[PDB]
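Engineer: Below is the structure, and that's it, no one-letter string:
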């Protein structure tokens, strides 16, 4: 019983552990895209 309980607990933990990283990586990339877009208009905003 103890072995089964431990196995199911670790299985439950693993999915959420992966889920967090999966959520965060895409936003990590979108931030790079946003920053690259921002750099384009720096000179124009400055001059204007």
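Structural biologist: In hand now; what should we look at? Numbering: from 1, shown residues only.

Engineer: any idea how far residue 2 is from residue 25?
Structural biologist: Using C-beta to C-beta, to the nearest Å, residue 25 is found at 36 Å from residue 2. Any C-beta I mention is one placed from the backbone N, CA and C, and that applies to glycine too.

Engineer: Which one's more surrounded, these two?
Structural biologist: Remark: of residue 25 and residue 2, residue 25 carries more neighbours, 10 against 6, as counted by other C-beta atoms under 10 Å.

Engineer: Which SSE is immediately downstream of the host helix or strand of the more buried one?
Structural biologist: For residue 25, the element it lies in under DSSP states H and E is helix 2-40. Later in the chain than helix 2-40, the nearest helix or strand by DSSP H and E is helix 42-47.

Engineer: Against which helices or strands is that next one packed?
Structural biologist: Using 3 or more C-beta pairs under 8 Å, 6 or more residues apart in numbering; DSSP states H and E, no helix or strand is in contact with helix 42-47.

Engineer: Give the buried residues for it.
Structural biologist: Under the neighbour-count criterion of 16 or more other C-beta atoms under 10 Å, helix 42-47 has nothing buried.

Engineer: and the residue positioned nearest the centre of the chain, how far is that from residue 31?
Structural biologist: In the chain, the C-alpha nearest the mean C-alpha coordinate belongs to residue 24, at 0.9 Å (C-alpha atoms, centre = their mean). Separation of residue 24 from residue 31 (C-beta to C-beta) stands at 10 Å.

Engineer: what's the answer for residue 8, then?
Structural biologist: 36 Å.

Engineer: With residue 45 instead?
Structural biologist: Computed as C-beta to C-beta, the residue 45 to residue 31 distance reads 20 Å.

Engineer: how many other residues sit next to residue 30?
Structural biologist: By other C-beta under 10 Å, neighbour count at residue 30 equals 10.

Engineer: Tell me which residues touch it, please.
Structural biologist: Applying C-beta atoms under 8 Å, 6 or more residues apart in numbering to residue 30 gives no contacts.

Engineer: Compute the distance between it and residue 18, please.
Structural biologist: Distance, residue 30 to residue 18, using C-beta to C-beta: 20 Å.
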